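Undergrad: Below you'll find the structure I mean.
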Amino acid sequence: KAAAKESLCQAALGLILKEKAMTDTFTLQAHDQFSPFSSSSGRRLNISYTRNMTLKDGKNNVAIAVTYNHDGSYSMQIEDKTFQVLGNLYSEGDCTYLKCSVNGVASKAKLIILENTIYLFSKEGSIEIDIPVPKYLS
Amino acid sequence: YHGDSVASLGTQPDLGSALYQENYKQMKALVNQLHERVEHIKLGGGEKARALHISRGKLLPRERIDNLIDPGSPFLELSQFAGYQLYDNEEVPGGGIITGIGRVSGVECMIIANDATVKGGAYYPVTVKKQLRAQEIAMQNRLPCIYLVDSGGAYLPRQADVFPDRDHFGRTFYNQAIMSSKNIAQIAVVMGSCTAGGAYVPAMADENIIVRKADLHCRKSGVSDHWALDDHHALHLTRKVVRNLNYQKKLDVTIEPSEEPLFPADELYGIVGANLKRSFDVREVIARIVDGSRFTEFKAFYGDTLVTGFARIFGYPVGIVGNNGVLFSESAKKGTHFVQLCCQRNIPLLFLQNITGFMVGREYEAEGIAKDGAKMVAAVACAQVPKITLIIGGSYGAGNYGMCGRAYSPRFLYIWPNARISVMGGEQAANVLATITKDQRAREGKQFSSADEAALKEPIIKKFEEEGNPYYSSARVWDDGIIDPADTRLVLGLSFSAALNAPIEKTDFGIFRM
Amino acid sequence: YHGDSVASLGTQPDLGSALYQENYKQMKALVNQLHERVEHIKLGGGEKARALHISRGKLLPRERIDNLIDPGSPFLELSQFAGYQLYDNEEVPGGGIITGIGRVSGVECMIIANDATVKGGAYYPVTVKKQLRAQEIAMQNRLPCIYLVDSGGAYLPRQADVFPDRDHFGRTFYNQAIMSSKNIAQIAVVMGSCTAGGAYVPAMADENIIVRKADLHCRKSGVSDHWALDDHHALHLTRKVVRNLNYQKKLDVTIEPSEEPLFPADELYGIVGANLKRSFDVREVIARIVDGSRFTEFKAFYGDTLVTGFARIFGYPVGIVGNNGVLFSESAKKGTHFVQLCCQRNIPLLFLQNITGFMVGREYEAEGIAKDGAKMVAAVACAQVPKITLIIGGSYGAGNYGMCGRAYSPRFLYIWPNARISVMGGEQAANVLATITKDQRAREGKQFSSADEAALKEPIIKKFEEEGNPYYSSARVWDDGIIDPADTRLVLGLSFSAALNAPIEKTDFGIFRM
Amino acid sequence: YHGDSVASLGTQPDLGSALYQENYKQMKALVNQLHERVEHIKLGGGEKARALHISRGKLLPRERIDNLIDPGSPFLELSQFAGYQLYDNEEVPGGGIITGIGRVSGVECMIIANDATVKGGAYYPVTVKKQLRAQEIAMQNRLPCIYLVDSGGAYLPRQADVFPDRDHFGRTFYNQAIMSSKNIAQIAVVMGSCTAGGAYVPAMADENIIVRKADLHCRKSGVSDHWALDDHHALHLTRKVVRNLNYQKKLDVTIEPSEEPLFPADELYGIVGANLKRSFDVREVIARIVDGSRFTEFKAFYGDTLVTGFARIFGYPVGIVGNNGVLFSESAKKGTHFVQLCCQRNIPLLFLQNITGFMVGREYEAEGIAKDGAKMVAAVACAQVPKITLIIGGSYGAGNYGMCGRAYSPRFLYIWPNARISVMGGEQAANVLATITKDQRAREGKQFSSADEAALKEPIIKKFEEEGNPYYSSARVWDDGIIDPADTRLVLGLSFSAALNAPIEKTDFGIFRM
Ligand SMILES: CC(C)=CC(=O)SCCNC(=O)CCNC(=O)[C@H](O)C(C)(C)COP(=O)(O)OP(=O)(O)OC[C@@H]1O[C@H](n2cnc3c(N)ncnc32)[C@@H](O)[C@@H]1OP(=O)(O)O
Ligand SMILES: CC(C)=CC(=O)SCCNC(=O)CCNC(=O)[C@H](O)C(C)(C)COP(=O)(O)OP(=O)(O)OC[C@@H]1O[C@H](n2cnc3c(N)ncnc32)[C@@H](O)[C@@H]1OP(=O)(O)O
Ligand SMILES: CC(C)=CC(=O)SCCNC(=O)CCNC(=O)[C@H](O)C(C)(C)COP(=O)(O)OP(=O)(O)OC[C@@H]1O[C@H](n2cnc3c(N)ncnc32)[C@@H](O)[C@@H]1OP(=O)(O)O
């Protein structure tokens, strides 16, 4: 069946968290370990950052607007509905597991991004969401 | 060994106090007004020009910034209020240009993007001033510059203020050349039309990226170093170029693990309030911003009006100098001593200005205060460590110079929404002028009436009140921004981080007039 | 061996020619007007304030300068026209301050003297700008500064333009401190009242001289280093202090015996005239000013529009670059080559600007001209040899930048009484604006009438014509003075002499975009 | 942030193509021949001298190298083909000396070992040239030198070419002294007889190791610093000495994790082939050698004949410049720009030469091509970053100079087994000579016959063909070795690693003739 709104929210959160993890890896090597720039906060002076993202579900293309709240939670609006999502990645055994709350509903899954496809494996099932290629290259 | 404990500043304020309630109300109102105005400026040139810009297929400048910087990286915008009601009938949001510091490919860079929506990206005088300030910051802190050129040239109806003089438009190119000579990367991205007087920016740059849709420039002129299909591709290419810069950050100061302050920052609203007549202990602010609220005061019982000490912000060492009352001889000497000490040990300096007006005291023997403040002024001017100034209250007279005002080239300067800056208080200036005219017309035997006294006094009062407004001072580029106090710590962190890119070099002092 | 002969430039002009007669008439009229205005400015604040100043026993500032400098030494005054009709109703002769370079005890020094007659010596914004320019000159050329302080503080009704910003009043003190750190002597002579905000100047200075009639300052404050009975005694003490400076002039360029030019300088009046539409050969000017009229041209047949070569002025070597027509690609490349060559050999540079307007040619393919002029701009900006610019004709557009305008920090910049400076010609700007509005309102489907075309065009024409006036440009400090052409050689000599005080250091260039 | 993707070069070649098959056959044949010749050279002086050397108890030089270097470390031998058929009747394998770079005790060192088997270790002129080249490499890259001295002195029948001149035998000692002055370790191991003219090497060295079986040298002369029982003990002592050197490698470039190229290297055989008349895209080679096949081209659509860009090899940054056709004006300007850029950012440079002959085009207006190639030549000469040249095809005329030939001191220079090097193509030289003689003898009225034309042409053709052979060029030391293309990447890695030992210092440029 067609993927719901919440699955797309979880996938977007996972991609953002992977970007944060990469930022941490780069920070570890650098001299300036504690610089505030290395945080993935997305803070701005007197404005709240909203990032426009596009994710491909099946044939359909779905646009998510992710607002980086000050507290660290994300306010993602897709279509006419706004979802409050807070989550984190931690490693269970050897597999990266995303635990995330969407509008206060807690869900646990294991997240694998290979190439342009995000796989969320959970008890309910597997959800695959495709990052569109920039197509300016490749 | 780093295990012994240290005493921490700060006390829990009285939330039940009526004074705290009233101060909180006023400061929260000021911050809400600031946020609303910033949102309106963020909206840009207008729905008309925004729709036109989108129809041409180009991205809005804020979207350009969002895609350019690293994902989730904080972006430090500067001078969001340039041109705010500066010109009589023309609304120029953000000065028509967006300047900030952000992390691209793991490197702090200064990003300068023209806003095409505002008057087709023409260059108002304030726009030139903003750009020159940004270039100065990048030169001083040794930061790569990225230009997102969507320009329209000088605003012709105001050419006399844009073209001819030293700090006018040409200085831009001058800065570019110089920063190229000192090996500071210059990247130009021609995301708009390559109009007359615009091609100079790509030609001066070290590397170019040009969006496809002059055509002669990429194929034959060879000005183009890279050629991009559209905006997204151009931004990606820019990130790749920045990576290829072959740069590594060199820090030369000791680092310690960072720790949050012990007290919530929003309490500042209650402590400071909006009334300058009431006073407060700067130690409260210091406790709210520094790491772990740990502070090591220096000469605590001498010159109590100045508060000087050492602390850490996000693990970096800082020497903090702040006003706690009327500055005196002992305070000036303490400040000079502390500045020398910090310069010797290569520690960044942070000034907090809360200069107190002289309405309280008639004379204050300006001669001795001057004789001592001159020493502090010389010491501050000759210093070479990074200096960051923050104006949390009034700033008047030579005290502003003594506490590292704009003339003394601090790396950054911010003001809180409740500041006031002017040469003197309005009433003091009125009294001075009234006395001058009275004495003169007595000298020539003319009679001075009280009606004339009021006639001189009132316009001066209103004019000084109007000119002291933070928005008035930030409309011109007299400060790098108005910041919500609740965020102050964070901003300082970012600022200091950037200031660490440049190496710290030794300080040379003039003759210390003993 | 230095015996082989060299060909000399210059030809005898046709005195009988009607064109020469008319040009001579016009230029002589301009020079007479300039001389009359200078005399009126020299008269000072007015007979009222002059009588009051004399009654107090103090000397007039020009008399102070006359007694201070060496007997019979020439004095190079700067910016005599600052504030000329700058403010609407207030007449501010000379900007209220007198700045110049003169020889004291055999040492070139920069003298800065407040004029007490003009508004009690208050500081108008233009006065601050003039003083900052003088301090910048002294810093760059490493000249001792002598202040003759008779001040009145900031002009309160204009505080917003004098106190707060970076290039505002405080920068003065900043400069003082810096120039003390780099071992450049600072001498202050308090010849007037030590009012509020004035004591900072003596306190910052290395050495002080105070005229007796604060009293506390000499006896107890100890700010006073010397104590003089009156003005004459103070000036003598200043000369003694300057002698005690222990300084010797170090020159690092080859010197040859000087020889006068072969042709009279007044002939320039006939050659140049007052009409910019007519053109002339810059080689005539070069022949009139350089030593012995000897000139060694470089690349004479390539880029003929630019003329570049080597000569000597009062025995010093100079590289001369001047415009002889519309600048082109080849001219830009020749200029870049010549600038590199002169920088390599450590030779001072002298630019002569006679930029030609684009009214003659519609397009001139601004893209290629820009692509090449960028190289020349970069080369000029990065240069480190002393640079002196002289504007003998029109100066428009980016050509002004290419020929070392103010933005590029020439050590000096002078203009002839017939110059014009602006971003473009007036009619060109009018056409540009008319086309923009026509195209836009066509885009929105609105009709554009010819009456509207004239309505836009005429104000722009008048405004550009007014703003291009030499007096308009020199009222603001956009140039260091308007000079009679007949004296040009002499002025240059003095200027170059001063510029030789500082050592010449190596030039670093950015990436030469090939 | 380092997460955004980058496009990769390279395409899968058509294995089924007949052209690919034929090219693969030819190149594989060339490589097999090269390997066989190298094996024969490795066999050494001969079974006679090898048995004699073993009977004396001494180790063979290759065994010495094997025991000296770290276990399993790769060893980079240089100039394995020196003296290959250089002298008419005398076979001199390897030039009689073995030079290479290897890791001893974790330090890159330059090892120079005399081969006693070849003519008793006498010094042929080519041997002196090889040793001087090795010493030059070590000096430039700041590498400790280890000498395994088993010498026999100069080859007397050729003394006139070995003893007297500047680059003759004495320069060896000169280099030693200089490299000792600049603190570059000199270690000498006297593993053979200390004959006349040999003791100078131990005496010049910083430290000595002498195998027991002069006796006077260790006991009384005191030249001996260490005294070893036999070869194995001497090599162990050498490793201990190297450890005691107190040296640590200082790198000043950014490093990234290394990644293998996306395409197999052996495919190069098919792509390049052995026929120079056919051409190929250098981008294929670049894709085969650089890390991850990731390449960031610079000015792709201007001067398409030159290919310039940035890449990484084993994590180090490199700027790659290669020929893809006939060089032109735009190509030269692009190359100059790229060289300036790389020098500014302190990035090593890698040149790939595939100069195309002028047989295709009669004139090619050599004047303009020269006028532009001069700029590229100057830029390459003045550069200071490490430069490594690789000749993958033809190398003719001034293009060889422009692409950093031997005269321009690249840190290393290698050639593929299919290269050709000469001043011109043979037929072009024949035509030039024929035209010269024809025109001259026409000038004197003499008749020129076609038989004479063939008589001049044929010897020139054969001579140029013979002299262009890679083996001819490597017999003399014109290159540091002939490398199998399939190993190219690896070699470059090692080379660049060694080049990183020396610090990179700033580049000074001459006058850029615009
Ligand atoms: C360095 C040196 C030494 C010298 C120089 O640089 S000399 C440079 C000369 N400039 C040009 O040659 C650019 C002329 N512009 C154009 O060619 C275009 O306009 C663009 C490119 C700006 C894109 O703009 P666009 O075409 O996409 O939209 P538009 O609405 O047309 O944009 C707003 C409209 O610009 C009008 N406008 C008024 N004054 C100016 C002005 N000074 N510059 C530009 N535009 C202006 C404005 O009045 C109207 O809007 P309004 O007021 O009616 O609402
Ligand atoms: C650094 C920082 C951080 C801060 C500061 O520095 S805050 C400095 C405050 N200034 C003073 O505290 C000096 C107050 N002057 C005086 O005490 C005297 O005046 C002297 C000392 C100036 C000598 O002058 P004098 O007494 O010999 O003659 P006088 O004719 O009186 O001189 C002209 C008359 O000055 C009037 N006038 C108007 N505006 C000003 C003005 N801004 N400053 C001075 N004078 C002014 C003018 O209107 C009238 O002439 P007019 O217009 O009627 O013709
Ligand atoms: C620095 C300055 C300023 C000056 C000088 O340095 S002036 C140095 C003068 N040199 C000597 O004083 C060493 C004289 N050698 C000997 O004393 C020995 O020979 C040893 C030590 C070389 C060991 O060699 P060995 O004795 O173990 O074996 P051997 O077969 O004998 O070795 C091969 C045979 O060497 C013959 N041979 C021909 N030419 C030479 C030559 N120039 N040097 C050495 N040998 C040569 C070769 O023709 C024959 O072999 P071949 O050609 O018959 O097959």
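Simple scheme: letters A, B, ... for chains in structure tokens order, numbers from 1 for residues in each chain, numbers from 1 for ligands in the order shown.
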List the neighbours of residue 232 of chain D out to 9 Å using only C-alpha atoms; skip same-chain residues closer than 2 positions along the sequence, and give me the result as a PyMOL selection string.
TA: chain D and resi 59+64+67-68+228-230+234-237
Undergrad: Would you export the selected residues with C-alpha atoms as a CSV table (one decimal), in the first residue's frame, please?
TA:
```
chain,number,residue,atom,x,y,z
D,59,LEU,CA,77.2,-10.3,-0.2
D,64,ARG,CA,72.7,-6.0,0.7
D,67,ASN,CA,68.8,-7.0,4.1
D,68,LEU,CA,69.1,-3.2,4.7
D,228,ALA,CA,81.6,-4.6,11.9
D,229,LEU,CA,82.5,-8.3,11.6
D,230,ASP,CA,80.9,-8.9,8.2
D,234,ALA,CA,77.3,-3.9,9.1
D,235,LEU,CA,73.7,-3.7,7.8
D,236,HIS,CA,72.3,-4.2,11.3
D,237,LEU,CA,74.6,-1.5,12.6
```
Undergrad: Which residues come within 8 Å of segment 101-116 of chain A, counting only C-alpha atoms, excluding same-chain residues fewer than 3 positions away, as a list in words?
TA: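 Returned residues: residues 6, 9, 10, 14, 83, 84, 85, 86, 87, 95, 96, 97, 98, 119, 120, 121, 122, 123, 130, 131, 132 and 133 of chain A.
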Undergrad: Please produce a file of the residues just selected, as a PDB file, in the first residue's frame, where the atoms kept are N, CA, C and O atoms.
TA:
```
ATOM      1  N   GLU A   6       3.628   9.475   8.055  1.00  0.00           N
ATOM      2  CA  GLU A   6       4.525   9.294   9.188  1.00  0.00           C
ATOM      3  C   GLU A   6       5.787   8.547   8.784  1.00  0.00           C
ATOM      4  O   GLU A   6       6.875   8.821   9.306  1.00  0.00           O
ATOM      5  N   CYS A   9       8.003  11.004   7.350  1.00  0.00           N
ATOM      6  CA  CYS A   9       8.597  11.792   8.427  1.00  0.00           C
ATOM      7  C   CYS A   9       9.782  11.065   9.055  1.00  0.00           C
ATOM      8  O   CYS A   9      10.847  11.661   9.272  1.00  0.00           O
ATOM      9  N   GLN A  10       9.613   9.776   9.350  1.00  0.00           N
ATOM     10  CA  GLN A  10      10.696   9.002   9.949  1.00  0.00           C
ATOM     11  C   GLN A  10      11.904   8.943   9.024  1.00  0.00           C
ATOM     12  O   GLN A  10      13.050   9.069   9.475  1.00  0.00           O
ATOM     13  N   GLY A  14      15.688  10.322   9.714  1.00  0.00           N
ATOM     14  CA  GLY A  14      16.865   9.478   9.612  1.00  0.00           C
ATOM     15  C   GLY A  14      17.949  10.085   8.745  1.00  0.00           C
ATOM     16  O   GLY A  14      19.134  10.043   9.091  1.00  0.00           O
ATOM     17  N   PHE A  83       3.846  17.686  11.607  1.00  0.00           N
ATOM     18  CA  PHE A  83       4.146  16.572  12.542  1.00  0.00           C
ATOM     19  C   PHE A  83       5.341  16.943  13.427  1.00  0.00           C
ATOM     20  O   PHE A  83       6.380  17.349  12.881  1.00  0.00           O
ATOM     21  N   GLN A  84       5.198  16.794  14.748  1.00  0.00           N
ATOM     22  CA  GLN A  84       6.312  17.090  15.687  1.00  0.00           C
ATOM     23  C   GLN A  84       7.126  15.812  15.874  1.00  0.00           C
ATOM     24  O   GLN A  84       6.571  14.852  16.426  1.00  0.00           O
ATOM     25  N   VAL A  85       8.396  15.809  15.465  1.00  0.00           N
ATOM     26  CA  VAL A  85       9.176  14.581  15.490  1.00  0.00           C
ATOM     27  C   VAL A  85      10.477  14.835  16.231  1.00  0.00           C
ATOM     28  O   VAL A  85      11.170  15.822  15.964  1.00  0.00           O
ATOM     29  N   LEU A  86      10.797  13.945  17.163  1.00  0.00           N
ATOM     30  CA  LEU A  86      12.064  13.966  17.881  1.00  0.00           C
ATOM     31  C   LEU A  86      12.627  12.555  17.898  1.00  0.00           C
ATOM     32  O   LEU A  86      11.899  11.603  18.183  1.00  0.00           O
ATOM     33  N   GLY A  87      13.909  12.406  17.593  1.00  0.00           N
ATOM     34  CA  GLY A  87      14.451  11.065  17.511  1.00  0.00           C
ATOM     35  C   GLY A  87      15.955  11.042  17.617  1.00  0.00           C
ATOM     36  O   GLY A  87      16.617  12.084  17.637  1.00  0.00           O
ATOM     37  N   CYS A  95      23.924  -2.889  14.095  1.00  0.00           N
ATOM     38  CA  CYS A  95      22.970  -2.251  13.198  1.00  0.00           C
ATOM     39  C   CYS A  95      22.507  -0.923  13.777  1.00  0.00           C
ATOM     40  O   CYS A  95      22.215  -0.826  14.974  1.00  0.00           O
ATOM     41  N   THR A  96      22.429   0.092  12.920  1.00  0.00           N
ATOM     42  CA  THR A  96      21.965   1.401  13.350  1.00  0.00           C
ATOM     43  C   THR A  96      20.446   1.426  13.447  1.00  0.00           C
ATOM     44  O   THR A  96      19.735   1.118  12.482  1.00  0.00           O
ATOM     45  N   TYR A  97      19.948   1.814  14.618  1.00  0.00           N
ATOM     46  CA  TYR A  97      18.532   1.784  14.931  1.00  0.00           C
ATOM     47  C   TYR A  97      18.069   3.202  15.210  1.00  0.00           C
ATOM     48  O   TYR A  97      18.673   3.912  16.020  1.00  0.00           O
ATOM     49  N   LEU A  98      17.003   3.606  14.534  1.00  0.00           N
ATOM     50  CA  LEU A  98      16.371   4.896  14.742  1.00  0.00           C
ATOM     51  C   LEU A  98      15.191   4.717  15.685  1.00  0.00           C
ATOM     52  O   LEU A  98      14.288   3.912  15.412  1.00  0.00           O
ATOM     53  N   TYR A 119      16.028   2.444   3.730  1.00  0.00           N
ATOM     54  CA  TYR A 119      15.247   1.289   4.137  1.00  0.00           C
ATOM     55  C   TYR A 119      15.004   1.373   5.635  1.00  0.00           C
ATOM     56  O   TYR A 119      15.958   1.418   6.422  1.00  0.00           O
ATOM     57  N   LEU A 120      13.736   1.397   6.022  1.00  0.00           N
ATOM     58  CA  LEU A 120      13.328   1.310   7.414  1.00  0.00           C
ATOM     59  C   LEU A 120      12.734  -0.069   7.634  1.00  0.00           C
ATOM     60  O   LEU A 120      11.672  -0.377   7.083  1.00  0.00           O
ATOM     61  N   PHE A 121      13.418  -0.896   8.419  1.00  0.00           N
ATOM     62  CA  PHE A 121      12.916  -2.216   8.774  1.00  0.00           C
ATOM     63  C   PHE A 121      12.337  -2.148  10.177  1.00  0.00           C
ATOM     64  O   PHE A 121      13.023  -1.734  11.118  1.00  0.00           O
ATOM     65  N   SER A 122      11.077  -2.547  10.306  1.00  0.00           N
ATOM     66  CA  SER A 122      10.380  -2.526  11.580  1.00  0.00           C
ATOM     67  C   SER A 122       9.500  -3.762  11.660  1.00  0.00           C
ATOM     68  O   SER A 122       9.405  -4.542  10.709  1.00  0.00           O
ATOM     69  N   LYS A 123       8.852  -3.934  12.811  1.00  0.00           N
ATOM     70  CA  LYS A 123       7.955  -5.071  12.973  1.00  0.00           C
ATOM     71  C   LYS A 123       6.786  -4.990  12.001  1.00  0.00           C
ATOM     72  O   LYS A 123       6.330  -6.012  11.478  1.00  0.00           O
ATOM     73  N   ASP A 130      13.152   6.932  -1.580  1.00  0.00           N
ATOM     74  CA  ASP A 130      14.280   7.187  -2.463  1.00  0.00           C
ATOM     75  C   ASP A 130      14.618   8.668  -2.476  1.00  0.00           C
ATOM     76  O   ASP A 130      13.760   9.504  -2.776  1.00  0.00           O
ATOM     77  N   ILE A 131      15.865   8.987  -2.156  1.00  0.00           N
ATOM     78  CA  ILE A 131      16.349  10.359  -2.338  1.00  0.00           C
ATOM     79  C   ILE A 131      16.518  10.629  -3.828  1.00  0.00           C
ATOM     80  O   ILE A 131      17.232   9.875  -4.510  1.00  0.00           O
ATOM     81  N   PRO A 132      15.886  11.660  -4.377  1.00  0.00           N
ATOM     82  CA  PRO A 132      16.114  11.987  -5.788  1.00  0.00           C
ATOM     83  C   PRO A 132      17.563  12.366  -6.041  1.00  0.00           C
ATOM     84  O   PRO A 132      18.192  13.063  -5.244  1.00  0.00           O
ATOM     85  N   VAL A 133      18.088  11.893  -7.166  1.00  0.00           N
ATOM     86  CA  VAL A 133      19.439  12.234  -7.600  1.00  0.00           C
ATOM     87  C   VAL A 133      19.439  13.700  -8.011  1.00  0.00           C
ATOM     88  O   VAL A 133      18.473  14.160  -8.634  1.00  0.00           O
TER      89      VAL A 133
END
```
Undergrad: Near residue 245 of chain C, within 10 Å and counting only C-alpha atoms, which residues show up once chain neighbours fewer than 6 positions away are dropped, as a list in words?
TA: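 So, after excluding close chain neighbours, the residues are residues 107, 144, 184 and 185 of chain C.
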Undergrad: Could you report the residues within 8 Å of ligand 3, using only C-alpha atoms and all ligand atoms, as a PyMOL selection string?
TA: chain D and resi 49+52-53+116-123+151-157+163+169-170+193-198+200
Undergrad: For residue 135 of chain B, please output as a VMD selection string all residues within 9 Å (counting only C-alpha atoms; exclusion window: fewer than 4 positions along the same chain).
TA: chain B and resid 110 112 130 to 131 139 to 140 145 172 175 to 176 179
Undergrad: Up to 10 Å from chain A, what residues of chain D turn up? Count only C-alpha atoms and give them as number ranges by chain.
TA: D: 1-3, 5-8
Undergrad: What does the distance from atom CA of residue 180 of chain B to atom CA of residue 132 of chain B come to in Å, to one decimal?
TA: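 Between atom CA of residue 180 of chain B and atom CA of residue 132 of chain B the gap is 15.5 Å.
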